[PDB]
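Just so you know, the sequences run in chain order 5 and E. Each position in the first sequence, counted from 1, maps to that position plus 147 in the entry's author numbering. The second sequence runs 207 to 311, 319 to 411 under the entry's author numbering. Backbone N, C-alpha and C fix where the C-beta goes; we use that ideal spot for every residue, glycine too. Read through the structure below, which is laid out as structure tokens, and then see the notes.
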Amino acid sequence: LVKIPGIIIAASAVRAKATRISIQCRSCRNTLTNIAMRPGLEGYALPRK
Amino acid sequence: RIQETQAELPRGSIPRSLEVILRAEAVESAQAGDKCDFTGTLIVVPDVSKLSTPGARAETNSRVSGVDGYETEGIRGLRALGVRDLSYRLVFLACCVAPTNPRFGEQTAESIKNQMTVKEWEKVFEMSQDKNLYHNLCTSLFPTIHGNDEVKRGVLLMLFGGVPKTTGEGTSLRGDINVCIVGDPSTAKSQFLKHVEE
Ligand SMILES: Nc1ncnc2c1ncn2[C@@H]1O[C@H](COP(=O)(O)OP(=O)(O)O)[C@@H](O)[C@H]1O
Ligand SMILES: [Mg+2]
Ligand SMILES: [Zn+2]
């Protein structure tokens with residue numbers, strides 16, 4: 148945890164980051180609802196099987 | 207594979223048979239039918255047991271839980287945790303082998326003479342020179358059976374055997390003596406057979 152002073156020289160538009168996702172299989176259509184995404188700049192590797 | 211001797215069977219029991227392992231010099235030191243005396247250490251050997259009842263799993267001590275889509279459940283989870291059944295057999299590891307009752311203290322007469330000690334050799338020589346050795350052997354071999362001196366003599370000659378031979382054309386001349394005893398019940402036939410065996 149860090150506390151720093153600065154000045155904001157830009158601010159991107161507000162976009163939608165998923166906190167939960169529901170992934171459905173193409174073959175059997177079964178779902179894997181409510182997969183907890185990590186917070187911040189980070190991605191998720193979908194299950195392969 | 208050896209099995210327990212009859213002298214140690216408990217009542218109404220079947221002999222226990224276990225496999226013993228011979229390594230290096232002793233590899234071929236035991237042959238079927240021998241009353242050997244294996245000296246070594248008992249050991250356990252992992253077994254692929256067919257027991258349908260789960261028992262004594264062994265798994266990792268690291269606490270790991272599968273993520274969504276890769277949960278530690280089923281064969282996947284068993285494999286991931288490295289679960290293996292701890293089923294074992296008891297096996298004997300014999301470093302040395304030897305007969306339970308040594309006979310002496319290729320094969321030839323000179324080989325036997327060298328193998329047997331001085332006292333045993335002199336005993337064999339003196340009994341060979343001894344007179345009426347035929348009757349002496351018969352009596353000393355059947356000290357409880359009365360009469361049947363002809364049967365005793367025939368069984369002794371059977372024990373000593375003949376001289377097997379092979380003809381030039383290949384046909385073999387059997388040298389072993391075959392003896393049969395026919396008679397009325399309670400005539401000591403089984404007694405002769407049991408004497409011969411023991
Ligand atoms: N001629 C004999 N001398 C000494 N004992 C005998 C004689 N005949 C029979 N017996 C005794 O009878 C018992 C039974 O004999 P057994 O071995 O059953 O003969 P078989 O098998 O021919 O019937 C034996 O235990 C033995 O001691
Ligand atoms: Mg009989
Ligand atoms: Zn599917």
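Any chain E beta carbon closer than 8 Å to residue i
i                : result
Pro186 (chain 5) : no
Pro194 (chain 5) : yes
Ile182 (chain 5) : yes
Opening and closing residue of the alpha helix (DSSP H) in which residue i lies
i                : result
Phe405 (chain E) : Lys402 to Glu410
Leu346 (chain E) : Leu346 to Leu354
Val364 (chain E) : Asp362 to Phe373
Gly283 (chain E) : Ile281 to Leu287
Bounding residues of the beta strand (DSSP E) (the contiguous stretch that carries residue i)
i                : result
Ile394 (chain E) : Unbroken run through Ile394 (chain E): none, as it is neither H nor E.
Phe298 (chain E) : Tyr294 to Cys302
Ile227 (chain E) : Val226 to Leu228
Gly261 (chain E) : From DSSP, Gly261 (chain E) is part of no beta strand (DSSP E); its letter is neither H nor E.
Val331 (chain E) : Looking at the DSSP string, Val331 (chain E) is not in any beta strand (DSSP E); the run it does join, the alpha helix (DSSP H), is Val331 to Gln342.
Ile358 (chain E) : Here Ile358 (chain E) belongs to no beta strand (DSSP E), and DSSP marks it neither H nor E.
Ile220 (chain E) : Counting along the chain, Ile220 (chain E) falls outside any beta strand (DSSP E), and DSSP gives it neither H nor E.
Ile325 (chain E) : It is not in any beta strand (DSSP E) - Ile325 (chain E) instead sits in the alpha helix (DSSP H) that spans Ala322 to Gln328.
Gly246 (chain E) : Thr245 to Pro252
Backbone CA spacing between residue i and residue j [nearest angstrom]
i                     : j                : result
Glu214 (chain E)      : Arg295 (chain E) : 22 Å
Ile325 (chain E)      : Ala262 (chain E) : 55 Å
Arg229 (chain E)      : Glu339 (chain E) : 41 Å
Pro308 (chain E)      : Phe373 (chain E) : 20 Å
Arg195 (chain 5)      : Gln209 (chain E) : 55 Å
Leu287 (chain E)      : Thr278 (chain E) : 8 Å
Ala401 (chain E)      : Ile358 (chain E) : 7 Å
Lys407 (chain E)      : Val250 (chain E) : 39 Å
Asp274 (chain E)      : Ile156 (chain 5) : 40 Å
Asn361 (chain E)      : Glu410 (chain E) : 18 Å
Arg176 (chain 5)      : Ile170 (chain 5) : 9 Å
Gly246 (chain E)      : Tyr276 (chain E) : 49 Å
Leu350 (chain E)      : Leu369 (chain E) : 8 Å
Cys242 (chain E)      : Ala304 (chain E) : 5 Å
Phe298 (chain E)      : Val226 (chain E) : 4 Å
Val376 (chain E)      : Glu382 (chain E) : 18 Å
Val149 (chain 5)      : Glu189 (chain 5) : 20 Å
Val289 (chain E)      : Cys301 (chain E) : 34 Å
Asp240 (chain E)      : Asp343 (chain E) : 32 Å
residue 312 (chain E) : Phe244 (chain E) : Regarding the residue in question, residue 312 (chain E) is not represented: chain E runs 311 and then 319, omitting everything in between.
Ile390 (chain E)      : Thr259 (chain E) : 57 Å
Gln212 (chain E)      : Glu231 (chain E) : 29 Å
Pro221 (chain E)      : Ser293 (chain E) : 23 Å
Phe405 (chain E)      : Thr379 (chain E) : 32 Å
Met329 (chain E)      : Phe310 (chain E) : 5 Å
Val395 (chain E)      : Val254 (chain E) : 53 Å
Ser271 (chain E)      : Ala183 (chain 5) : 14 Å
Chain 5 within 8 Å of residue i, Cβ atoms only
i                : result
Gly275 (chain E) : yes
Under 9 Å from the C-beta of residue i: neighbouring residues of chain E
i                : result
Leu179 (chain 5) : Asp274 and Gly275
Ligand 5 heavy atom lying under 7 Å from the CB of residue i
i                : result
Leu372 (chain E) : Within the structure as shown, ligand 5 is missing, the only ligands being ligand 1, ligand 2 and ligand 3.
Q: Taking 6 Å as the limit, tell me which residues put their C-beta closer than that to any heavy atom of ligand 3, in chain order.
A: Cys172 (chain 5), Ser174 (chain 5), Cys175 (chain 5) and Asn177 (chain 5)
Q.
Residues around ligand 1, please: the ones whose beta-carbon is closer than 7 Å to some heavy atom of it, in chain order.
A. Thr357 (chain E), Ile358 (chain E), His359 (chain E), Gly360 (chain E), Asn361 (chain E), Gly396 (chain E), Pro398 (chain E), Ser399 (chain E), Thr400 (chain E), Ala401 (chain E), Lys402 (chain E), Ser403 (chain E) and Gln404 (chain E)
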